[PDB]
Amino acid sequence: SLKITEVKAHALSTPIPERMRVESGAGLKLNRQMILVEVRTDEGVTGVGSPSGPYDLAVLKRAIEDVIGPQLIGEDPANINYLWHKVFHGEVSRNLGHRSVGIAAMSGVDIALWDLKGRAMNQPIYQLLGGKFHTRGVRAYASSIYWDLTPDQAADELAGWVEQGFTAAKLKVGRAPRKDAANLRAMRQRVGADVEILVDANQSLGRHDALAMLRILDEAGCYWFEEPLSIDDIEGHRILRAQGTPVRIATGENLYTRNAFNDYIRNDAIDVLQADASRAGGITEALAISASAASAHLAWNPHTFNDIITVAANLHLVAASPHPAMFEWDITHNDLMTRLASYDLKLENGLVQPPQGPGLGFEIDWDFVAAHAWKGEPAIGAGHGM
């Protein structure tokens, strides 16, 4: 058996050309950042992970190295299940908060343990998880068309992503619902019925404006309505779902652990659970959430948006899961999606395949890592919701 010797958190920042910054309810993007988690062992088998973002990099680094890390040093990394609970009950729930950046931190470490396990076994993570369900590949969507566009421009951008091979894409909404509606109408007219259009309000709407928008989304045949409301308003989501439209009510990037999703399910408040393996507790926790969605006859389609590691970690699980595929793929300017690792976007008939190597299944460019150390740059401007 191996023993964990170090838990490291590398803070990384990559720039965004001013014109390529995009804004949603989450704020105006400034620099694409991440923590690259590195778990080392006595025999030199290493796993890597990411706790997603945007979350302050110093907060993440401290939580990972100095709160979670000490619970892992000296432990057999093979006992991922034991270690999840040791960390959650020993430190994170009480001492970082039960639905928190500490849970995202745990997630990054958990992903690294799964990567380590796959590397030790010389198997891709999806093989450990029972192998593929989606044997031919996983249907992806282009994430996302952001604010600050006219309707013709939104339609142009959608048509562009479709030309690149995407069969689905997402639109950010929430600031100016009349403009959002005009954008959606133009988008649908441009591409026709065979392209799925998803909408994401980043918690920007109140209940009544969300009900008004849902009518529009229904008219436009939208696939889902993501974060239509504050994630704190469970009943509001039930109200939207109770309208009985074919538009799925989706949320989950900002909800943590299976406990959050259980509360939504018990209140008939969710169609699509979007728990991200890199945020909601780890691969370990996302597995449980995906299963719980299926038990309730609901869907799990994770949020994946931060870096190529968060994408890859979720993709292993999605490939292995019988849930209908609607796999988030960040198409915005992001060096962490292109230059961090050897795994790249490749669409065939609208589908992507999980990485095929051991663990997460690709190689990290450590020269790139060394050249992009964080120097205190901000990731994102102030969010909305006031």
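Numbering starts at 1 and follows the sequence shown.
Average Cα temperature factor in the PDB entry - higher stretch of 224-232, 147-155: It is 147-155 that shows the higher mean C-alpha B-factor.
Given 171-179 and 295-303, the range whose Cα B-factors average higher in the PDB entry: If you average the C-alpha B-factors of 171-179 and of 295-303, the larger mean comes out for 171-179.
Top Cα B factor in the deposited entry, candidates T332, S50, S342, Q33: That would be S342.
Out of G137, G282, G102, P246, highest CA B-factor residue: The listed residue with the largest C-alpha B-factor is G137.
CA B-factor placement of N314, once the chain's modelled residues are sorted into thirds: For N314, whose C-alpha B-factor we compare with every modelled residue in the chain, the answer is the lowest third.
Third of the chain, ranked by Cα B-factor, where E328 sits: Lowest third.
Where the record places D276 (Cα B-factor, split into thirds across the chain): CA B-factor rank for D276: lowest third.
Within-chain third of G74 by Cα B-factor, per the entry: As the PDB entry reports it, the C-alpha B-factor of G74 lands in the highest third of its chain.
For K61, the third of its chain into which the C-alpha B factor falls: Middle third.
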